[PDB]
């Protein structure tokens, strides 16, 4: 049926020691909470009620979704209190799913299982078994059926023996949640309203609670300091690296591979050590990536070979291109088939012709290069400048924009150019 998601970002992140609200800190180039939001959209949630208690300005500034509903928690009286703030927006028919902004790695597949498990008029609860539960609410089951959740402090000595604990993620009818949430109370040592209390309410009402379990423990792990964030970073990266390897993308060393975004890979792609991929990268068949490269929001043609320690940003490479080592492609760069970019060469808003080489110490700016052109070592453009097909450029040539150069033109070393040059005309 229909569903909505409640993401909780109310928890204050003092241990982060940051001015940025905890949930906005990045994991793999994307804020933690955005991982949770993206899961909610995949599941098809109609609305995403985000509950925050601090850093409102930064949260709205960073996060923009059409269905994003902002819910203030004036003071931090606990998970149960937070769900009360969002309860008015719950629709009676829709199932309401409860997620946390500091638990980025919850899997969409595990959430789909949780929804199926929800009995009607009942609750589906994500639970996990820990070799050592300590300070964790313990699932209490009689005759194999869930009856409630016992906080560790209130835990009896027998209940401190239960391996199963509470993740805090659950699913319930929207109307049911509004009924239980009204019954909540603050009479307890902390003074908080604990969401866990609704599980007992369901059992007392004769409704059933069904528990499912996550595939990995990482899915339910949450972040409270930079160290745990760095740990989940490595978990996420290694999870992606194994998938890519089994999909036929070779990684020389999976531990030294960072993917921040989405990769579309052809067959027989090879990626060496310490490569970082960012944004949306597209790699063709038989693409090679040298050690230490960084590629962001770029497309690489089939059979291109990027040599080591090259940096590419929003560039478009056709097939058979080669670049690097130490090449640098600014945004808007573009190479045609067979083009070579050499070491210590930069390109901004420029296009290099087919079979055109800029082998050394050359900067190209707001320029267009013809096919089969040869760019001299040390060539520099003070940007727009255009060059025709089959031009040769002398070593250390300077071209002052706007300069157009004719097809077949040949230019002498050391030349400095301020006028345009006729086709097939030698210039010195």
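Numbering follows the first chain given and starts at 1.
Going from residue 383 to residue 384, the model skips 4 to 9 deposited residues, which lack coordinates. Stretches compared: 127-135, 172-180. Higher mean C-alpha B-factor in the entry: 127-135. Per the PDB record, of the two stretches 97-105 and 149-157, 149-157 carries the greater mean B-factor over its C-alpha atoms. Highest C-alpha temperature factor among 278, 120, 204, 307, as the PDB entry reports it: 120. Across 397, 61, 34, 69, the greatest Cα temperature factor reported in the deposited entry is at 397. In this PDB entry, residue 22 carries a Cα temperature factor that places it within the middle third of its chain's modelled residues. Annotation for residue 270: C-alpha temperature factor in the lowest third relative to the rest of the modelled chain, per the entry. For residue 346, the recorded CA B-factor ranks within the highest third of the chain. Only modelled residues enter the ranking. Ranked by Cα temperature factor within the chain, residue 39 sits in the middle third according to the deposited record. In this PDB entry, the Cα temperature factor of residue 45 sits in the middle third of its chain's modelled residues.
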